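Single-letter residue listing:
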Amino acid sequence: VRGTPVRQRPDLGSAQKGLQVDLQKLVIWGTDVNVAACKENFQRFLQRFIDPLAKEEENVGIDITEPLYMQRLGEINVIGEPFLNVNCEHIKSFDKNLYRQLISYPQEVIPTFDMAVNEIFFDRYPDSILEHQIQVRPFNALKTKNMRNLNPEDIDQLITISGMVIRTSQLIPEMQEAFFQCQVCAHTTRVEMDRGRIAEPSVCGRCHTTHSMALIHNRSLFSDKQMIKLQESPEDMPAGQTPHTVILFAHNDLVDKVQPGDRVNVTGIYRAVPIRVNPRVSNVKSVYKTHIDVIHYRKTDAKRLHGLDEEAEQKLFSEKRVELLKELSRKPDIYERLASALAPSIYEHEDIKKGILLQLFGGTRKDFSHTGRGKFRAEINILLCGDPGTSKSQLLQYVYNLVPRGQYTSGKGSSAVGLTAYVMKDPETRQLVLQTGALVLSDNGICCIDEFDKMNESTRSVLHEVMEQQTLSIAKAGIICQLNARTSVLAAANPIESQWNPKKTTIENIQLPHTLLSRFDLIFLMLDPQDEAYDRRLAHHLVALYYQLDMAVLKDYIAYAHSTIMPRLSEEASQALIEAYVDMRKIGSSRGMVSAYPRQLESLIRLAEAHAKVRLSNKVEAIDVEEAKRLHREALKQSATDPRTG
Amino acid sequence: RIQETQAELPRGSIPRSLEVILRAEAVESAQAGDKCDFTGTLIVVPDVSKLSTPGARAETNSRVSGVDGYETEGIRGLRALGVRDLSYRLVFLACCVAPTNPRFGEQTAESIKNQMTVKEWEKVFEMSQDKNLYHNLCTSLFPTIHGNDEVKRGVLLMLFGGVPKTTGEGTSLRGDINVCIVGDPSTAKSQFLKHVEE
Amino acid sequence: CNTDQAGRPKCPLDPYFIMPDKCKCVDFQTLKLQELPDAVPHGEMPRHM
Ligand SMILES: Nc1ncnc2c1ncn2[C@@H]1O[C@H](COP(=O)(O)OP(=O)(O)O)[C@@H](O)[C@H]1O
Ligand SMILES: [Mg+2]
Ligand SMILES: [Zn+2]
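## Let's talk about the interface of chain B and chain A
Interfaces are often sized by the amount of accessible area the parts lose when they come together. Counting residues at the interface gives 43 residues for chain B, matched by 57 residues for chain A. Overall, the association of chain B and chain A removes approximately 4,400 Å² of surface from exposure, summing both partners, and the carbon and sulfur fraction of that is 53%. When the buried area of chain B at its contact with chain A is split by residue, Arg11, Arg16 and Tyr88 of chain B rank highest and sum to 17% of it. When the shortest N-O distance is used, the salt bridge between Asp262 of chain A and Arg11 of chain B registers 2.4 Å. On inspection of chain B and its partner chain A, the count reaches 23 residue pairs in polar contact. Across the side of chain B that touches chain A, the residue classes tally to 17 nonpolar, 16 polar and 10 charged. Across 4 bridges, the pairing between strand β6 (residues 197–200) of chain A and strand β5 (residues 57–60) of chain B is parallel. Its bridge partner being in β5 of chain B, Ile198 of chain A is matched across the sheet by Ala58 of chain B.

## Re the site of ligand 1
Taken together, 15 residues sit near ligand 1, with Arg373 and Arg599 of chain A together with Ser186, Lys189 and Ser190 of chain B positioned nearest. Ligand 1 sits at the junction of chains A and B, each of which supplies nearby residues. Here an oxygen atom of ligand 1 sits 2.8 Å away from a polar atom, N or O, in the side chain of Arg373 of chain A. Taking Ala188 of chain B, its main chain carries an N or O atom lying 3.2 Å from an oxygen atom of ligand 1. Protein coverage of the free-state accessible area of ligand 1, which is 560 Å², stands at 80%.

## Overview of the side chain of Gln135 of chain A
Residue and element names in this part refer to chain A. With respect to the element layout, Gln135 can be found in strand β2 (residues 135–139). Residue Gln135 is classed as buried on the basis of its relative accessible area, which comes to 9%. Those residues in contact with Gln135, other than ones at most four positions away along the chain, are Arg7, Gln8, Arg9, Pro82, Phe83, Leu84 and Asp114.

Rules and cut-offs
- Residues numbered from 1 in each chain as written, not as in the entry; some residues may be left out.
- Chains lettered and ligands numbered in written order.
- Part of a larger assembly, values for the part shown.
- Heavy atoms only, no water.
- Contact = heavy atoms within 4.5 Å.
- Buried area = accessible area lost by both parts, 1.4 Å probe.
- Salt bridge = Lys/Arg side-chain N within 4 Å of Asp/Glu carboxyl O.
- Polar contact = N/O pair within 3.5 Å; in protein donor to acceptor, adjacent residues only side chain to side chain.
- Nonpolar A, V, L, I, M, F, W, Y, C, P; charged D, E, K, R; others polar.
- Pairing = 2+ DSSP bridges.
- Helix = DSSP H or I, 4+ residues; strand = E, 2+ residues; numbered from the N terminus.
- Near = heavy atom within 4 Å.
- Areas by Shrake-Rupley, 256 points an atom, 1.4 Å probe, with all protein chains shown as cover.
- Buried < 20%, exposed > 50% of the residue type's maximum accessible area, 1.4 Å probe, protein only.

Encoded structure:
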C-alpha cells in the first residue's frame with residue numbers, strides 16, 4: 001500500500017462474514033485457509049517462480065531465467081493497467097495446496113493474493129502511481145469439460161469453461177456507495193455497500209431530524225456490469241445432450257470485452273442464486289439458477305488462428321519470431337507450403353487449399369468513404385461445387401474449426417431472420433432484446449454454408465447484401481439499422497440430381513443464378529477424374545489414416561500478415577489486371593461458361609492482393625495478378641472446357 | 001431514443017440504443033433520422049426491474065425488531081425495514097442539441113440565404129451561375145462510375161425534384177421524380193443507389 | 001393473526017384470546033408506604049408512595 005485506493009471486487013460477490021476460527025491454526029470459518037499463510041505462499045510464488053518448460057515464443061518479453069511474474073509487475077509499473085494475470089497451472093506446479101485453496105475458496109483467497117501483489121509491488125516501487133491497487137486474475141484452472149457435470153458441491157468455486165459469446169447486454173450500472181442528503185439542513189453523508197445492501201441513515205448527523213436524509217441517485221457512486229449470454233463448447237459431449245447456454249457477468253473492466261461470436265475461455269466463480277416467484281414478491285424458489293461471475297477472459301486458443309484483438313496488440317511476436325517468419329516468406333515456395341499445411345489430411349486438393357488460404361489471408365481493407373463509392377468487400381468468397389462425397393463438407397468443417405469467428409449452417413436448417421437478426425424476450429430481464437444471426441456472429445470471420453443449393457431463395461436472397469456491401473440492413477416493425485456483416489462465405493453446392501452430368505454446361509449443372517455466382521470470387525468444380533493413379537494414391541492415403549508446417553508457424557504467419565501487410569497495386573500490376581479482365585471477359589463471353597462481369601475484375605484485384613499479402617510483399621505485383629488469373633481459371637476448369645460445351 | 005452510429009459499431013455487435021432527455025428550449029430540437037450530437041451529462045434513473053435475482057437492497061440503519069405478533073418477517077418486515085431494490089438504468093440528459101455535420105456555417109430561399117454564411121452563399125451563387133453545371137454536378141456526384149450518363153442525369157434530376165401542386169378541386173399534382181434502373185448484373189445500379197444515399 | 005400463510009382465507013381483526021391455563025403467573029402485591037413520622041417536618045403532611 002502507498003495510499004492507493006483499494007477498489008472493490010464485484011466479481012468476488014458480496015463480502016462475507018470472514019469469521020476466523022481456531023482449530024485448537026486460525027482458519028477462516030468453513031474453510032482451511034489462513035490469511036497469513038496464503039499471503040506468504042503467494043508472495044513466495046511471485047518472488048521466486050520460474051517456468052522450466054517455458055518457450056520464448058510462448059512468453060514474449062519474458063526471460064525464462066528470472067522469476068516469471070516479477071517481470072509482469074515491472075510491466076504493470078511501466079503501464080498504468082493495475083492487473084496481473086496469474087496462471088493457475090503455474091500456481092499448481094509451484095504450491096499444489098495453494099492451488100487447491102484458490103480453486104475451492106476464490107472469494108477468500110484472491111483478496112490475499114491482491115494484498116501480496118500490492119505489498120511486493122509497492123515495496124519495489126515507492127513512487128509508481130496507479131489508479132487503484134493491482135488486482136490478480138487467476139486463469140487456466142483445470143478445464144471443466146462440461147458444465148452439466150458440475151454439482152452443487154462446486155458452487156462458489158473458481159471454474160474455467162470455453163465457448164462462443166452469443167450476446168452481450170447493455171452496460172448495467174451497479175450501486176457501490178450511496179450518497180444521502182438531508183432534506184432540511186442539506187447535510188451530506190456516504191454509505192458504502194456492505195454485504196450486498198445499504199443502510200439508510202434514518203437520522204441526520206447534523207440536525208438530528210429523523211428520516212430527513214434522502215438518497216441522491218446521480219451523486220452516488222456506481223460500477224459497471226454486463227450480462228453476457230455464452231454458449232458452451234463442452235469437450236465432453238455425452239449422448240443425448242443438447243448445447244448449453246450459460247449466463248456470465250462481467251464487472252467494471254471486462255464489460256464489453258468479448259463481442260458476440262467471439263470464442264473465449266472464461267475463468268470465473270460458479271454462482272448459484274435464488275429465483276423470485278414473481279419480480280415483485282420476495283418469495284424465492286427452492287431450485288436456484290447458476291451463472292458465472294467472470295474473473296478472466298482468455299482469447300488465445302491452440303487449435304485456432306489469432307483473433308482480431310491479438311493481431312491488433314503490438315507485442316504479439318518476439319523479434320526472433322518476426323525474423324523467422326520473414327525468412328519463411330522469402331522462401332520461394334511459401335505459397336504451396338502453406339496450402340499443403342492447410343488441411344494436412346486432405347489429399348492433393350492443391351488449388352482448393354490455395355484458394356482457402358487466400359480466403360484466410362484476405363485482401364486489403366479500403367477506405368472509399370471520401371470517394372462516395374461505398375464500402376468495398378476485401379473478403380474472398382469460395383463456392384465448392386462438387387458431387388456428394390468429394391470432401392467439400394470436410395473442407396468446410398476444417399475451416400469452421402480452424403478460423404476464429406466462424407459460423408456454420410447447412411441446407412434448409414437456416415432462415416432469413418435466423419441468419420440476419422430477430423427479436424426475443426431475454427428470460428432474465430423479462431425484456432425484449434435483439435439477437436443476431438450467423439452472418440452477424442461471423443462479422444469479421446467466416447460463414448460456412450454447406451448444402452448451399454438447398455437454401456430456398458427466401459433465405460438465399462439475404463446473401464446478396466452481405467456479399468456485395470458487407471451490410472445487413474434490417475428494417476423491421478420496431479428496430480431499423482444496418483448491421484456490419486463483413487464476412488467471408490465458404491459455400492458447398494451439389495450439382496442437380498446430386499451428380500454432375502458430363503453433358504450439361506457448367507452453369508446448367510451448378511444451377512445458381514448468375515446474380516449470385518458473380519459474387520463468389522472463386523468457384524471450384526470438385527469433379528472426379530476416373531484416374532488409376534489418383535484412385536490408387538487416394539486409397540493409400542485413406543488407409544494410412546486408419547493406422548497412422550506447424551500450426552504455430554502458420555498461425556503466426558497469418559497474424560503477422562494481417563497485422564502489418566497492406567498490399568497496394570503497382571502500375572505494372574494495374575496494367576496486368578486490366579489485360580486480365582479483358583481477356584477473362586472475352587473468354588467468358590462463351591455460351592454456357594461462367595460469364596465475367598466487372599465483379600470479376602474486383603475478384604482478381606482481391607485475389608492478387610491476397611497473394612501479395614501471403615508473400616508479405618506489401619506491393620501487389622504482376623506475379624500476384626498472374627497467380628490470381630491462374631487460380632480463377634483452373635477453378636471452374638476453364639482450361640478443360642471448350643468455349644461451346646462443358 | 002437514439003442508437004449508436006454505424007461508424008462506431010464493434011465487430012458482430014448490435015448498435016446500443018439509449019434514451020436521452022431534452023429539457024426546456026431543446027425539447028423538440030431533435031427529429032427522427034437526424035445524426036444529432038447531444039452534449040450533456042450521463043445519469044442513472046431508478047428502474048422497476050423485473051430481475052428475479054435479488055440484488056443491492058437498501059434499508060434503514062435503525063436496529064428495530066418486531067414484537068411477538070408483529071415480527072419483522074415476510075412482506076410486513078420488508079415494509080417495516082423499508083427495503084427497496086437499487087436497480088438503475090443509464091439515461092442521458094442533454095442540455096444542448098446540434099447536428100453532427102452542420103449543413104451551413106418555416107423555410108424559404110431567403111431563409112436559406114440568411115442561414116448560410118457569406119462564403120457558402122457566394123459559392124452557391126457562383127456554382128449556380130457556372131456553365132455546364134449539369135455535367136459538372138453529374139461528374140462530381142458519380143466520379144467512379146463510368147458511362148451511364150443518362151442514368152446520372154436522371155438521378156440528378158430526381159434529386160432536384162419537381163414542383164408539387166394542388167388543383168382547385170383538391171387533387172394533388174405529384175412533383176417528385178421516380179427513377180428505376182433495370183439491367184444486367186454488375187452494371188453499377190447498387191453503386192448509383194449507394195452514391196445517392198451517402 | 002400473523003399465521004395467515006397456512007391458508008389463503010384470512011383470520012379476522014383482533015382475533016386473539018388469552019389462554020389462562022398457559023400463563024406463567026407470579027405473586028404480586030401492593031403496599032402503601034408512608035413517610036416516617038420522625039421525618040415529617042413539623043407543620044406538614046406525611047408523604048405517601
Ligand atoms: N459501368 C461501370 N462503371 C464502373 N464500375 C462498374 C460499372 N459496372 C459495374 N461496376 C462495378 O461493379 C461492381 C458491382 O456492381 P453492382 O453494384 O453489384 O451492380 P448490380 O447491383 O447492378 O449488380 C461495383 O462495385 C462497380 O464498381
Ligand atoms: Mg445489385
Ligand atoms: Zn439535517
